[PDB]
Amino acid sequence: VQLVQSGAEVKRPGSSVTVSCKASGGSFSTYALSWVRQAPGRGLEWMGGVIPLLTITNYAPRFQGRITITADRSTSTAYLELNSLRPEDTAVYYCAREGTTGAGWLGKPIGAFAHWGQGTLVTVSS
């Protein structure tokens, strides 16, 4: 199950960026896709996610109010909109989708993230 993300991006404080994540392989609407980021030299951090079929989103409080995660069932594509960019937002943003039990794409959902995008670096610079 491949996930491909939009290219690197360079933004200015207060601006906005949208990162795209396109899934190819198996069903898309019935799996929880999440966004995780990593500042340079620092740890992984869970930002939020969406379950496309139900249009149910779940954001980590830290980002609640700054973040909008949306899904486009037609193109199998998740998006991360991050607003009011600050320089502390400089990081690589990865999309991450839960795996399924057993081989084959149609197993049971496991919650944990087995499938990852190549990542997308967003630099916020004055």
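One rule holds for the numbers: they count along the sequence shown, beginning at 1.
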Third of chain Cα B-factors occupied by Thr18: middle
Would the CA B-factor of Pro109 place it in the lowest, middle or highest third of its chain? middle
Taking only the Cα B-factors deposited for this chain, tell me whether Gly49 sits in the lowest, middle or highest third. lowest
Chain thirds of CA B-factor: placement of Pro87: highest
Sorting the chain's CA B-factors, does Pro61 end up in the lowest, middle or highest third? middle
